[PDB]
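Asks: Input file: model34.tsv. Contents: TSV, N, CA and C atoms.
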chain	number	residue	atom	x	y	z
C	208	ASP	N	126.97	122.82	-102.31
C	208	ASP	CA	126.35	124.16	-102.46
C	208	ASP	C	125.04	124.06	-103.22
C	209	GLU	N	124.01	124.73	-102.72
C	209	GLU	CA	122.77	124.86	-103.47
C	209	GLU	C	122.95	125.92	-104.53
C	210	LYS	N	122.74	125.54	-105.78
C	210	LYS	CA	123.06	126.39	-106.92
C	210	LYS	C	122.54	125.74	-108.20
C	211	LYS	N	122.30	126.54	-109.24
C	211	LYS	CA	121.88	125.99	-110.51
C	211	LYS	C	122.91	125.00	-111.03
C	212	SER	N	122.42	123.81	-111.31
C	212	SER	CA	123.25	122.65	-111.59
C	212	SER	C	122.31	121.49	-111.78
C	213	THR	N	121.32	121.51	-110.91
C	213	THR	CA	120.25	120.55	-110.88
C	213	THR	C	119.66	120.35	-112.26
C	214	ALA	N	119.06	119.20	-112.48
C	214	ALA	CA	118.39	118.92	-113.74
C	214	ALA	C	117.12	119.73	-113.88
C	215	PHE	N	117.09	120.89	-113.24
C	215	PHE	CA	116.02	121.83	-113.41
C	215	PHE	C	116.53	122.94	-114.30
C	216	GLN	N	116.10	122.89	-115.55
C	216	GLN	CA	116.47	123.87	-116.55
C	216	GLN	C	116.38	125.26	-115.96
C	217	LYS	N	115.22	125.53	-115.39
C	217	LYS	CA	115.04	126.70	-114.58
C	217	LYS	C	114.27	126.34	-113.30
C	218	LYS	N	114.85	126.67	-112.16
C	218	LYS	CA	114.12	126.62	-110.90
C	218	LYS	C	113.40	127.95	-110.73
C	219	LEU	N	112.16	127.91	-110.27
C	219	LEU	CA	111.37	129.13	-110.08
C	219	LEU	C	112.04	130.07	-109.08
C	220	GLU	N	111.57	131.31	-109.04
C	220	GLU	CA	112.15	132.35	-108.19
C	220	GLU	C	112.41	131.83	-106.77
C	221	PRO	N	113.57	132.18	-106.19
C	221	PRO	CA	114.00	131.69	-104.87
C	221	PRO	C	113.13	132.17	-103.71
C	222	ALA	N	111.83	132.28	-103.95
C	222	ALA	CA	110.88	132.60	-102.90
C	222	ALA	C	109.49	132.13	-103.29
C	223	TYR	N	109.22	130.87	-103.03
C	223	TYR	CA	107.92	130.30	-103.29
C	223	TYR	C	106.97	130.72	-102.18
C	224	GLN	N	105.80	131.24	-102.54
C	224	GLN	CA	104.85	131.71	-101.55
C	224	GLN	C	103.68	130.75	-101.44
C	225	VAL	N	103.70	129.89	-100.43
C	225	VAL	CA	102.62	128.92	-100.26
C	225	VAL	C	101.37	129.59	-99.74
C	226	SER	N	100.26	129.32	-100.41
C	226	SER	CA	98.98	129.71	-99.89
C	226	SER	C	98.61	128.70	-98.81
C	227	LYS	N	98.75	129.15	-97.57
C	227	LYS	CA	98.76	128.26	-96.42
C	227	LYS	C	97.65	127.21	-96.48
C	228	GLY	N	98.07	125.96	-96.40
C	228	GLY	CA	97.14	124.85	-96.44
C	228	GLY	C	96.52	124.61	-97.81
C	229	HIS	N	96.70	125.57	-98.72
C	229	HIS	CA	96.20	125.45	-100.08
C	229	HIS	C	97.13	124.58	-100.91
C	230	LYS	N	98.20	124.11	-100.26
C	230	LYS	CA	99.21	123.26	-100.88
C	230	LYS	C	100.05	124.05	-101.87
C	231	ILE	N	101.30	124.34	-101.53
C	231	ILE	CA	102.13	125.09	-102.47
C	231	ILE	C	102.85	124.16	-103.45
C	232	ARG	N	102.86	124.56	-104.71
C	232	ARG	CA	103.49	123.78	-105.76
C	232	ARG	C	104.87	124.35	-106.09
C	233	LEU	N	105.87	123.49	-106.24
C	233	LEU	CA	107.20	123.94	-106.57
C	233	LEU	C	107.42	123.78	-108.06
C	234	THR	N	107.13	124.84	-108.80
C	234	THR	CA	107.19	124.80	-110.25
C	234	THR	C	108.60	125.09	-110.74
C	235	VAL	N	109.04	124.32	-111.72
C	235	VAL	CA	110.36	124.46	-112.30
C	235	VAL	C	110.30	124.06	-113.76
C	236	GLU	N	111.18	124.59	-114.56
C	236	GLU	CA	111.31	124.10	-115.91
C	236	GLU	C	112.39	123.04	-115.89
C	237	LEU	N	112.01	121.79	-116.06
C	237	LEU	CA	112.97	120.70	-115.91
C	237	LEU	C	113.91	120.64	-117.09
C	238	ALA	N	115.12	120.19	-116.84
C	238	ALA	CA	116.08	119.90	-117.89
C	238	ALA	C	115.87	118.47	-118.36
C	239	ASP	N	115.53	117.61	-117.40
C	239	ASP	CA	115.19	116.21	-117.68
C	239	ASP	C	113.84	116.12	-118.35
C	240	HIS	N	112.94	117.01	-117.95
C	240	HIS	CA	111.57	117.09	-118.47
C	240	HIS	C	110.67	116.02	-117.85
C	241	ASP	N	111.03	114.75	-117.99
C	241	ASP	CA	110.22	113.67	-117.44
C	241	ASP	C	111.05	112.77	-116.54
C	242	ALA	N	111.60	113.38	-115.50
C	242	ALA	CA	112.33	112.65	-114.49
C	242	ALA	C	111.68	112.86	-113.13
C	243	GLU	N	111.80	111.87	-112.26
C	243	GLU	CA	111.26	111.99	-110.92
C	243	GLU	C	112.07	113.02	-110.15
C	244	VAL	N	111.42	114.08	-109.73
C	244	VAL	CA	112.10	115.14	-109.02
C	244	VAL	C	111.99	114.96	-107.52
C	245	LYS	N	113.13	115.01	-106.87
C	245	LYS	CA	113.17	115.02	-105.42
C	245	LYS	C	113.45	116.44	-104.98
C	246	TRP	N	113.00	116.82	-103.83
C	246	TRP	CA	113.15	118.20	-103.43
C	246	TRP	C	113.75	118.26	-102.06
C	247	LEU	N	114.18	119.42	-101.65
C	247	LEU	CA	114.94	119.53	-100.44
C	247	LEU	C	114.28	120.57	-99.54
C	248	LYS	N	114.13	120.28	-98.27
C	248	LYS	CA	113.79	121.33	-97.33
C	248	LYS	C	115.11	121.86	-96.81
C	249	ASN	N	115.19	123.14	-96.48
C	249	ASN	CA	116.48	123.72	-96.11
C	249	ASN	C	117.20	122.82	-95.10
C	250	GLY	N	118.23	122.14	-95.60
C	250	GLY	CA	118.90	121.10	-94.83
C	250	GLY	C	118.24	119.72	-94.96
C	251	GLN	N	116.92	119.65	-94.83
C	251	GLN	CA	116.21	118.36	-94.88
C	251	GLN	C	116.10	117.87	-96.32
C	252	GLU	N	116.30	116.59	-96.53
C	252	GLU	CA	116.11	116.04	-97.86
C	252	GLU	C	114.68	115.55	-98.04
C	253	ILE	N	114.08	115.97	-99.15
C	253	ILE	CA	112.66	115.78	-99.40
C	253	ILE	C	112.42	114.81	-100.57
C	254	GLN	N	111.79	113.68	-100.26
C	254	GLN	CA	111.53	112.66	-101.27
C	254	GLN	C	110.26	113.00	-102.06
C	255	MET	N	109.28	112.09	-102.04
C	255	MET	CA	108.04	112.28	-102.76
C	255	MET	C	106.94	111.42	-102.15
C	256	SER	N	105.75	111.98	-102.05
C	256	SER	CA	104.64	111.32	-101.38
C	256	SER	C	103.31	111.86	-101.90
C	257	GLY	N	102.27	111.04	-101.87
C	257	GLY	CA	100.95	111.49	-102.30
C	257	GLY	C	100.20	112.18	-101.18
C	258	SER	N	100.92	112.97	-100.40
C	258	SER	CA	100.37	113.67	-99.25
C	258	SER	C	101.22	114.90	-98.94
C	259	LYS	N	102.48	114.82	-99.31
C	259	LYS	CA	103.44	115.91	-99.17
C	259	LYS	C	104.58	115.62	-100.11
C	260	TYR	N	105.21	116.65	-100.69
C	260	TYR	CA	106.25	116.43	-101.69
C	260	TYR	C	105.65	115.65	-102.88
C	261	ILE	N	104.54	116.15	-103.38
C	261	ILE	CA	103.82	115.50	-104.47
C	261	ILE	C	104.42	115.90	-105.81
C	262	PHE	N	104.89	114.94	-106.59
C	262	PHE	CA	105.48	115.26	-107.88
C	262	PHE	C	104.39	115.43	-108.95
C	263	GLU	N	104.51	116.50	-109.72
C	263	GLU	CA	103.55	116.80	-110.78
C	263	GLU	C	104.31	117.43	-111.95
C	264	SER	N	103.96	117.07	-113.17
C	264	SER	CA	104.72	117.54	-114.32
C	264	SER	C	103.82	118.14	-115.37
C	265	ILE	N	104.21	119.30	-115.88
C	265	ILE	CA	103.48	119.95	-116.95
C	265	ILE	C	104.44	120.41	-118.05
C	266	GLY	N	104.38	119.74	-119.20
C	266	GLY	CA	105.19	120.12	-120.35
C	266	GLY	C	106.65	120.36	-119.99
C	267	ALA	N	107.29	119.35	-119.41
C	267	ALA	CA	108.66	119.45	-118.88
C	267	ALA	C	108.70	120.20	-117.56
C	268	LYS	N	107.90	121.26	-117.45
C	268	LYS	CA	107.91	122.06	-116.25
C	268	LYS	C	107.40	121.22	-115.09
C	269	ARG	N	108.33	120.89	-114.21
C	269	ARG	CA	108.05	120.01	-113.11
C	269	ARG	C	107.58	120.79	-111.91
C	270	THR	N	106.71	120.18	-111.14
C	270	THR	CA	106.12	120.84	-110.01
C	270	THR	C	106.09	119.93	-108.79
C	271	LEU	N	106.53	120.46	-107.66
C	271	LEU	CA	106.44	119.75	-106.40
C	271	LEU	C	105.24	120.27	-105.61
C	272	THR	N	104.16	119.53	-105.61
C	272	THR	CA	102.99	119.92	-104.85
C	272	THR	C	103.18	119.56	-103.38
C	273	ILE	N	103.28	120.56	-102.54
C	273	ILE	CA	103.46	120.32	-101.13
C	273	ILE	C	102.17	120.64	-100.38
C	274	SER	N	101.66	119.62	-99.70
C	274	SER	CA	100.43	119.72	-98.95
C	274	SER	C	100.75	119.72	-97.47
C	275	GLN	N	99.87	120.31	-96.66
C	275	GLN	CA	100.11	120.42	-95.22
C	275	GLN	C	101.40	121.19	-94.98
C	276	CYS	N	101.39	122.43	-95.42
C	276	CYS	CA	102.54	123.29	-95.39
C	276	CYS	C	102.03	124.69	-95.47
C	277	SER	N	102.14	125.37	-94.36
C	277	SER	CA	101.52	126.65	-94.22
C	277	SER	C	102.36	127.51	-93.30
C	278	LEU	N	101.74	128.11	-92.29
C	278	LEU	CA	102.45	128.95	-91.33
C	278	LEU	C	103.32	128.12	-90.37
C	279	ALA	N	104.14	127.25	-90.94
C	279	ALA	CA	105.02	126.39	-90.16
C	279	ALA	C	106.19	125.93	-91.02
C	280	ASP	N	105.91	125.48	-92.24
C	280	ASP	CA	106.97	125.07	-93.17
C	280	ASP	C	107.57	126.26	-93.90
C	281	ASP	N	107.31	127.46	-93.37
C	281	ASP	CA	107.90	128.69	-93.87
C	281	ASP	C	109.42	128.65	-93.67
C	282	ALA	N	110.16	128.48	-94.75
C	282	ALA	CA	111.62	128.32	-94.67
C	282	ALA	C	112.25	128.36	-96.06
C	283	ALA	N	112.79	127.23	-96.51
C	283	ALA	CA	113.36	127.14	-97.84
C	283	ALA	C	113.24	125.72	-98.38
C	284	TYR	N	112.85	125.58	-99.64
C	284	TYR	CA	112.80	124.26	-100.28
C	284	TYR	C	113.67	124.26	-101.55
C	285	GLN	N	114.74	123.49	-101.50
C	285	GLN	CA	115.61	123.27	-102.64
C	285	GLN	C	115.01	122.22	-103.57
C	286	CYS	N	115.58	122.09	-104.75
C	286	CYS	CA	115.10	121.13	-105.73
C	286	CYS	C	116.20	120.21	-106.18
C	287	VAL	N	115.87	118.92	-106.31
C	287	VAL	CA	116.92	117.94	-106.44
C	287	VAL	C	116.57	116.78	-107.39
C	288	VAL	N	117.55	116.39	-108.18
C	288	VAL	CA	117.40	115.25	-109.06
C	288	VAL	C	118.62	114.35	-108.91
C	289	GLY	N	118.38	113.13	-108.46
C	289	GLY	CA	119.46	112.21	-108.15
C	289	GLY	C	120.18	112.58	-106.86
C	290	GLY	N	120.80	113.75	-106.86
C	290	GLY	CA	121.48	114.26	-105.69
C	290	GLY	C	122.02	115.65	-105.93
C	291	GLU	N	121.27	116.41	-106.71
C	291	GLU	CA	121.65	117.77	-107.07
C	291	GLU	C	120.60	118.73	-106.51
C	292	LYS	N	120.98	119.71	-105.69
C	292	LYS	CA	119.97	120.60	-105.09
C	292	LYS	C	120.20	122.08	-105.41
C	293	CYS	N	119.10	122.76	-105.73
C	293	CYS	CA	119.09	124.19	-105.99
C	293	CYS	C	118.12	124.83	-105.02
C	294	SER	N	118.59	125.80	-104.25
C	294	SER	CA	117.80	126.34	-103.15
C	294	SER	C	116.78	127.37	-103.60
C	295	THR	N	115.63	127.32	-102.96
C	295	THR	CA	114.59	128.29	-103.17
C	295	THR	C	113.89	128.53	-101.84
C	296	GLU	N	113.69	129.79	-101.48
C	296	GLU	CA	113.13	130.10	-100.18
C	296	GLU	C	111.62	129.92	-100.20
C	297	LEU	N	111.08	129.46	-99.09
C	297	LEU	CA	109.67	129.18	-98.98
C	297	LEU	C	109.01	130.11	-97.98
C	298	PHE	N	108.10	130.93	-98.48
C	298	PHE	CA	107.34	131.83	-97.64
C	298	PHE	C	105.87	131.48	-97.72
C	299	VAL	N	105.20	131.44	-96.59
C	299	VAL	CA	103.79	131.09	-96.58
C	299	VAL	C	102.91	132.32	-96.45
C	300	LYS	N	101.87	132.34	-97.26
C	300	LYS	CA	100.85	133.37	-97.19
C	300	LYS	C	99.59	132.76	-96.60
C	301	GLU	N	99.01	133.43	-95.62
C	301	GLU	CA	97.86	132.90	-94.91
C	301	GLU	C	96.63	132.82	-95.83
What does this structure look like when you write it as C-alpha cells?

Replies:
Amino acid sequence: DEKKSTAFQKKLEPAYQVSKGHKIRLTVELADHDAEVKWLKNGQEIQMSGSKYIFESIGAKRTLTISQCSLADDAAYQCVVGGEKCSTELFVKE
C-alpha cells in the first residue's frame, strides 16, 4: 500500500503540479534527511537519473527533479526509500 511509512518525514501534498517541461520537483521533508531517494510512478518504479528522476536535497527536504514531464506524465508519482512508497498524484500545468 502507498501510505506514509516511507523515510519521508513529510511527503508533499498528494498533487504535484508540474510546470510542463519546466521540470517538476518532488519536494518532501525527509526522515533520513541525507539518503538517496527513489521515487515511484503510479505502478512504475522510478530510480534516479541526471535527466529524469533527478535527486536534489535541501536541508533534509528532499526533492525529485523530474525533467521531460509535462502533458504526458500527468498521473501519480509515489516516493520511495529502499522499498517504501508513498503516493502523490501528478498533475501537469501547461

Asks: Dig up all the protein and nucleic acid residues within 6 Å of (108.8, 132.1, -101.8) in the file frame, using only N, CA and C atoms, and format them as a PyMOL selection string.

Replies: chain C and resi 221-225+296-298

Asks: Write a file of the selected residues as a CSV table (one decimal), in the frame of the given file, keeping N, CA and C atoms.

Replies:
chain,number,residue,atom,x,y,z
C,221,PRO,N,113.6,132.2,-106.2
C,221,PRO,CA,114.0,131.7,-104.9
C,221,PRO,C,113.1,132.2,-103.7
C,222,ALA,N,111.8,132.3,-104.0
C,222,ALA,CA,110.9,132.6,-102.9
C,222,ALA,C,109.5,132.1,-103.3
C,223,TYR,N,109.2,130.9,-103.0
C,223,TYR,CA,107.9,130.3,-103.3
C,223,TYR,C,107.0,130.7,-102.2
C,224,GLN,N,105.8,131.2,-102.5
C,224,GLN,CA,104.8,131.7,-101.6
C,224,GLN,C,103.7,130.8,-101.4
C,225,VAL,N,103.7,129.9,-100.4
C,225,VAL,CA,102.6,128.9,-100.3
C,225,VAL,C,101.4,129.6,-99.7
C,296,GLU,N,113.7,129.8,-101.5
C,296,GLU,CA,113.1,130.1,-100.2
C,296,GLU,C,111.6,129.9,-100.2
C,297,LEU,N,111.1,129.5,-99.1
C,297,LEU,CA,109.7,129.2,-99.0
C,297,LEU,C,109.0,130.1,-98.0
C,298,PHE,N,108.1,130.9,-98.5
C,298,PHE,CA,107.3,131.8,-97.6
C,298,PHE,C,105.9,131.5,-97.7

Asks: Around the point (111.4, 129.4, -111.4) (coordinates from the file), which residues reach within 6.5 Å if we count all atoms listed in the file? Answer as a PyMOL selection string.

Replies: chain C and resi 217-221+234-236

Asks: Rank C:238, C:267, C:214, C:233 by their smallest atom-to-atom distance to residue 295 of chain C, using only C-alpha atoms, and report the top residue only.

Replies: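 Smallest distance to residue 295 of chain C is found for C:233.
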
Asks: With a distance cut-off of 10 Å and only C-alpha atoms, select the neighbouring residues of residue 276 of chain C, excluding the residue or stretch itself and same-chain residues fewer than 5 positions from it, and output the selection as a PDB file with N, CA and C atoms, in the frame of the given file.

Replies:
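Heads up, here's the output in around28.pdb:
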ATOM      1  N   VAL C 225     103.700 129.890-100.430  1.00  0.00           N
ATOM      2  CA  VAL C 225     102.620 128.920-100.260  1.00  0.00           C
ATOM      3  C   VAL C 225     101.370 129.590 -99.740  1.00  0.00           C
ATOM      4  N   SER C 226     100.260 129.320-100.410  1.00  0.00           N
ATOM      5  CA  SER C 226      98.980 129.710 -99.890  1.00  0.00           C
ATOM      6  C   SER C 226      98.610 128.700 -98.810  1.00  0.00           C
ATOM      7  N   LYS C 227      98.750 129.150 -97.570  1.00  0.00           N
ATOM      8  CA  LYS C 227      98.760 128.260 -96.420  1.00  0.00           C
ATOM      9  C   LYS C 227      97.650 127.210 -96.480  1.00  0.00           C
ATOM     10  N   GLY C 228      98.070 125.960 -96.400  1.00  0.00           N
ATOM     11  CA  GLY C 228      97.140 124.850 -96.440  1.00  0.00           C
ATOM     12  C   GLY C 228      96.520 124.610 -97.810  1.00  0.00           C
ATOM     13  N   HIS C 229      96.700 125.570 -98.720  1.00  0.00           N
ATOM     14  CA  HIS C 229      96.200 125.450-100.080  1.00  0.00           C
ATOM     15  C   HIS C 229      97.130 124.580-100.910  1.00  0.00           C
ATOM     16  N   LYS C 230      98.200 124.110-100.260  1.00  0.00           N
ATOM     17  CA  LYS C 230      99.210 123.260-100.880  1.00  0.00           C
ATOM     18  C   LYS C 230     100.050 124.050-101.870  1.00  0.00           C
ATOM     19  N   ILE C 231     101.300 124.340-101.530  1.00  0.00           N
ATOM     20  CA  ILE C 231     102.130 125.090-102.470  1.00  0.00           C
ATOM     21  C   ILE C 231     102.850 124.160-103.450  1.00  0.00           C
ATOM     22  N   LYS C 259     102.480 114.820 -99.310  1.00  0.00           N
ATOM     23  CA  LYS C 259     103.440 115.910 -99.170  1.00  0.00           C
ATOM     24  C   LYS C 259     104.580 115.620-100.110  1.00  0.00           C
ATOM     25  N   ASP C 281     107.310 127.460 -93.370  1.00  0.00           N
ATOM     26  CA  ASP C 281     107.900 128.690 -93.870  1.00  0.00           C
ATOM     27  C   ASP C 281     109.420 128.650 -93.670  1.00  0.00           C
ATOM     28  N   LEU C 297     111.080 129.460 -99.090  1.00  0.00           N
ATOM     29  CA  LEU C 297     109.670 129.180 -98.980  1.00  0.00           C
ATOM     30  C   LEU C 297     109.010 130.110 -97.980  1.00  0.00           C
ATOM     31  N   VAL C 299     105.200 131.440 -96.590  1.00  0.00           N
ATOM     32  CA  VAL C 299     103.790 131.090 -96.580  1.00  0.00           C
ATOM     33  C   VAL C 299     102.910 132.320 -96.450  1.00  0.00           C
TER      34      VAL C 299
END

Asks: Find the residue from C:252, C:232, C:212, C:301 that sits nearest to residue 277 of chain C; use only C-alpha atoms when measuring.

Replies: C:301

Asks: Can you pull out the residues contacting residue 264 of chain C? Cut-off 9 Å, using only C-alpha atoms, and skip same-chain residues under 6 positions away; I want them as a VMD selection string.

Replies: chain C and resid 234 237 240 to 241 270 to 271

Asks: Just how far from atom N of residue 280 of chain C is atom CA of residue 216 of chain C, in Å to one decimal?

Replies: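 Atom N of residue 280 of chain C lies 26.6 Å from atom CA of residue 216 of chain C.
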
Asks: Using all atoms listed in the file, can you tell me which of C:258, C:209, C:248, C:215 comes closest to residue 282 of chain C?

Replies: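 Ranking C:258, C:209, C:248, C:215 by distance to residue 282 of chain C, first place goes to C:248.
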
Asks: Give me the residues near segment 285-289 of chain C as a compact mmCIF listing (two decimals) with N, CA and C atoms, in the coordinates of the input, where near means some atom within 6 Å (using all atoms listed in the file) and where sequence neighbours in that chain fewer than 2 positions away do not count.

Replies:
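Saved to out_30.txt:
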# COMPACT_ATOMS: atom_id res chain seq x y z
N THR C 213 121.32 121.51 -110.91
CA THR C 213 120.25 120.55 -110.88
C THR C 213 119.66 120.35 -112.26
N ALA C 214 119.06 119.20 -112.48
CA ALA C 214 118.39 118.92 -113.74
C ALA C 214 117.12 119.73 -113.88
N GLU C 243 111.80 111.87 -112.26
CA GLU C 243 111.26 111.99 -110.92
C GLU C 243 112.07 113.02 -110.15
N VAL C 244 111.42 114.08 -109.73
CA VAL C 244 112.10 115.14 -109.02
C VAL C 244 111.99 114.96 -107.52
N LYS C 245 113.13 115.01 -106.87
CA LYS C 245 113.17 115.02 -105.42
C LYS C 245 113.45 116.44 -104.98
N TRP C 246 113.00 116.82 -103.83
CA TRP C 246 113.15 118.20 -103.43
C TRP C 246 113.75 118.26 -102.06
N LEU C 247 114.18 119.42 -101.65
CA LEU C 247 114.94 119.53 -100.44
C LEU C 247 114.28 120.57 -99.54
N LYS C 248 114.13 120.28 -98.27
CA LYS C 248 113.79 121.33 -97.33
C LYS C 248 115.11 121.86 -96.81
N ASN C 249 115.19 123.14 -96.48
CA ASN C 249 116.48 123.72 -96.11
C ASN C 249 117.20 122.82 -95.10
N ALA C 283 112.79 127.23 -96.51
CA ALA C 283 113.36 127.14 -97.84
C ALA C 283 113.24 125.72 -98.38
N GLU C 291 121.27 116.41 -106.71
CA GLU C 291 121.65 117.77 -107.07
C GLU C 291 120.60 118.73 -106.51
N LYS C 292 120.98 119.71 -105.69
CA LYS C 292 119.97 120.60 -105.09
C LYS C 292 120.20 122.08 -105.41
N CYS C 293 119.10 122.76 -105.73
CA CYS C 293 119.09 124.19 -105.99
C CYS C 293 118.12 124.83 -105.02
N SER C 294 118.59 125.80 -104.25
CA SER C 294 117.80 126.34 -103.15
C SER C 294 116.78 127.37 -103.60
N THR C 295 115.63 127.32 -102.96
CA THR C 295 114.59 128.29 -103.17
C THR C 295 113.89 128.53 -101.84

Asks: What residues in chain C get the DSSP label strand (DSSP E or B)? Please answer as a PyMOL selection string.

Replies: chain C and resi 217-218+222-226+231-236+245-248+252-253+261-265+268-273+282-287+292-293+296-300

Asks: Which is closer to residue 268 of chain C than all the others in C:239, C:300, C:250, C:290, using all atoms listed in the file?

Replies: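 Of the candidates, the smallest distance to residue 268 of chain C is held by C:239.
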
Asks: Pick out the closest residue to residue 272 of chain C from this set: C:256, C:208, C:284, C:242. Count all atoms listed in the file.

Replies: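 Smallest separation from residue 272 of chain C among the options: C:256.
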